[PDB]
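If you're matching them up, the sequences are chains A and C in order.
Just so you know, we're using PDB author numbering here: the first sequence kicks off at 952 and counts up by one.
Just so you know, we're using PDB author numbering here: the second sequence kicks off at 1115 and counts up by one.
We put the CB at the ideal spot given by N, CA and C, even for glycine.
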Amino acid sequence: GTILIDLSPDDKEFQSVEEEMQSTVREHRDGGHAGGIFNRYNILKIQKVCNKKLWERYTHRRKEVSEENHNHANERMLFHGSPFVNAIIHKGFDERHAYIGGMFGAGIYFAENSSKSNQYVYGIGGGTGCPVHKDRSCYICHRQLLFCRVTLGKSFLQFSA
Amino acid sequence: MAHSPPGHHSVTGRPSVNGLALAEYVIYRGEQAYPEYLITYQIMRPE
Ligand SMILES: O=c1cc(-c2ccc(-c3nnn[nH]3)cc2)oc2ccccc12
Ligand SMILES: [Zn+2]
């Protein structure tokens, strides 16, 4: 059911997504161990993900949340990096995409910092890096992130290191 | 998957040490996210 539509670099939509990606890079406390050493990306392609069933599932749940939270879905656009990106775009997020050992429990994790999600593209801790060179800081291999629409509703605030 | 804290739909991880870090978020139902853009990229070696 999923189709992928390429955005042109000329399109304001490509440009706004690129800017969110580049402007949210930060340095990480691991010195680059998980995600590599970099200040910016080379963006190769941005595709819009279109799946009617998965959209309707999302908007159904969003309305339920909104009605439980003074008509406020508290919707954000956040990054997700994962080895399962191909499964996610075809079948949607589910329990298989949970971070069982995450610090806030077994759920699906998203970041405001693109460079945070980048740390998970090759797995937890960056796994063994890219499949081809086994390099977590590979500058050759193509990586993929998702920029997702996420309904937070009433969010539990956890202060943390 | 775990459950959301009772009475909440998500968790927000507010960083309280690294002043440069932005927030991280956790949802406990797959239906609460739609993967809207797929971005293909390389990280760039600093100069
Ligand atoms: O983008 C994220 C992906 C994930 C993530 C975590 C575990 C997996 C996973 N589970 N098994 N292999 N990888 C995949 C993606 O973790 C994050 C944690 C904090 C902030 C963002 C993320
Ligand atoms: Zn590589």
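1. Using a Cβ cut-off of 9 Å, pull out every chain A residue sitting near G1121 of chain C, in sequence order please.
2. Any C-beta of chain C sitting closer than 9 Å to the C-beta of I954 of chain A?
3. Anyone know if the C-beta pair for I1153 of chain C and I994 of chain A falls short of 9 Å?
4. In whole angstroms, what separates the C-alpha of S1118 of chain C from that of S1124 of chain C?
5. Using a strict less-than 6 Å threshold between each residue's beta carbon and the heavy atoms of ligand 2, what residues do you get?
6. From which residue to which residue does the alpha helix (DSSP H) around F965 of chain A run?
7. Could you please tell me which residues of the region 1144-1157 of chain C, in chain order, have their CB closer than 8 Å to any CB of chain A?
8. Go to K1105 of chain A, then tell me how far its beta strand (DSSP E) extends in each direction, as first and last residue.
9. Decide if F1110 of chain A is buried, meaning its Cβ has at least 16 other Cβ atoms within 10 Å, or exposed.
10. Tell me which residues share the same chain as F1061 of chain A and place their Cβ nearer than 7 Å to its Cβ, disregarding the 5 neighbours each side in the sequence.
11. Would you list the residues sitting across from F1061 of chain A in a DSSP beta bridge?
12. Taking Cβ to Cβ, would you say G982 of chain A is nearer than 9 Å to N1069 of chain A?
13. Give me the residue from A:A1112, A:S1065, A:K1105 with the minimum Cα distance to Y1155 of chain C.
14. Between which two residues does the alpha helix (DSSP H) carrying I1040 of chain A extend?
15. Do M1054 of chain A and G1121 of chain C have their C-beta atoms closer together than 9 Å?
16. From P1082 of chain A to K996 of chain A, what distance separates their C-alpha atoms?
17. At a Cβ cut of 8 Å, what residues of the region 1123-1144 of chain C count as close to chain A, listed as they run along the chain?
18. Identify, in the order they occur along the chain, each residue of the same chain with its Cβ nearer than 8 Å to the Cβ of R1012 of chain A, setting aside the five sequence neighbours on each side.
19. Less than 8 Å between C-beta atoms, sequence neighbours within five positions excluded: which residues of the same chain meet that for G1080 of chain A?
20. Nearest CA to the CA of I1157 of chain C: which residue from A:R1094, A:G1056, A:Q966?
21. Comparing the CB of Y1142 of chain C with every heavy atom of ligand 1, is any distance shorter than 8 Å?
22. Determine the contact status of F1044 of chain A and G1144 of chain C, defining contact as a CB-CB distance below 9 Å.
Taking the geometry as given:
1. Stepping through the second sequence from its first residue, residue 1121 of chain C is reached at position 7. Against chain A, a Cβ distance below 9 Å from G1121 of chain C picks out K1105, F1107.
2. Position 3 of the first sequence, counting from 1, holds the residue named residue 954 of chain A. Judged by the 9 Å Cβ criterion, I954 of chain A is not in contact with chain C.
3. Start at 1 with the first residue of the second sequence, and residue 1153 of chain C comes out as number 39. Start at 1 with the first residue of the first sequence, and residue 994 of chain A comes out as number 43. It is a contact, given that the beta carbons lie within the stated cut-off.
4. Numbered from 1 along the second sequence, position 4 holds the residue referred to as residue 1118 of chain C. Numbered from 1 along the second sequence, position 10 holds the residue referred to as residue 1124 of chain C. The alpha-carbon separation between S1118 of chain C and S1124 of chain C amounts to approximately 6 Å.
5. Those residues that have a beta carbon less than 6 Å away from any non-hydrogen atom of ligand 2 are, in order along the chain, A:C1081, A:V1083, A:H1084, A:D1086, A:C1089, A:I1091, A:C1092.
6. Taking the first sequence and counting its residues from 1, the one referred to as residue 965 of chain A is at position 14. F965 of chain A -> alpha helix (DSSP H) spans 963-974.
7. Of all residues in the region 1144-1157 of chain C, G1144, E1145, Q1146, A1147, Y1148, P1149, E1150, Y1151, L1152, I1153, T1154, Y1155, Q1156, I1157 have a Cβ within less than 8 Å of some Cβ in chain A.
8. To locate residue 1105 of chain A, count along the first sequence from 1; it is residue 154. Unbroken run through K1105 of chain A: none, as it is neither H nor E.
9. Reading the first sequence from its first residue, position 159 is the one you call residue 1110 of chain A. Residue burial is scored here from C-beta neighbours: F1110 of chain A has fewer than 16 other C-beta atoms within 10 angstroms and is therefore classed as exposed.
10. Against the first sequence, residue 1061 of chain A aligns to sequence position 110. Correct list, in chain order: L1029, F1030, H1031, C1099, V1101.
11. Within the first sequence, the letter at position 110 stands for residue 1061 of chain A. Beta-bridge pairing links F1061 of chain A to C:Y1139.
12. Here the question's residue 982 of chain A lines up with position 31 in the first sequence. Here the question's residue 1069 of chain A lines up with position 118 in the first sequence. Against a cut-off of 9 Å, the Cβ pair of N1069 of chain A and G982 of chain A comes out as no contact.
13. Along the second sequence, read from residue 1 onward, the residue named residue 1155 of chain C stands at position 41. If you compare the alpha carbons of A:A1112, A:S1065, A:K1105 with that of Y1155 of chain C, the shortest gap goes to A:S1065.
14. One-based indexing of the first sequence puts residue 1040 of chain A at position 89. Run containing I1040 of chain A: 1036-1042, per the alpha helix (DSSP H) assignment.
15. As a working note, residue 1054 of chain A is residue 103 in the first sequence. As a working note, residue 1121 of chain C is residue 7 in the second sequence. At the C-beta level, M1054 of chain A and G1121 of chain C stay beyond 9 Å of one another.
16. Numbered from 1 along the first sequence, position 131 holds the residue referred to as residue 1082 of chain A. Numbered from 1 along the first sequence, position 45 holds the residue referred to as residue 996 of chain A. Taking the straight line joining both Cα atoms gives about 20 Å.
17. If the cut-off is 8 Å between Cβ atoms, the region 1123-1144 of chain C has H1123, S1124, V1125, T1126, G1127, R1128, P1129, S1130, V1131, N1132, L1134, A1135, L1136, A1137, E1138, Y1139, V1140, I1141, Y1142, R1143, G1144 near chain A.
18. Sequence index remark: in the first sequence, residue 1012 of chain A carries index 61 (1-based). When the five nearest sequence neighbours on each side are left out, the beta carbons in the same chain lying within less than 8 Å of the beta carbon of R1012 of chain A are those of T1102, in order along the chain.
19. What you label residue 1080 of chain A is simply residue 129 of the first sequence in a count that begins at 1. Only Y1073, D1086, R1087, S1088, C1089 meet the Cβ criterion.
20. Counted from its first residue, the second sequence places residue 1157 of chain C at position 43. Comparing Cα-Cα distances from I1157 of chain C to each of A:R1094, A:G1056, A:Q966, the minimum goes to A:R1094.
21. Position 28 of the second sequence, counted from the start, is the residue given in the question as residue 1142 of chain C. Distances taken from the Cβ of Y1142 of chain C to the heavy atoms of ligand 1 include none shorter than 8 Å.
22. Taking the first sequence and counting its residues from 1, the one referred to as residue 1044 of chain A is at position 93. Taking the second sequence and counting its residues from 1, the one referred to as residue 1144 of chain C is at position 30. Their beta carbons are under 9 Å apart, which means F1044 of chain A touches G1144 of chain C by this criterion.
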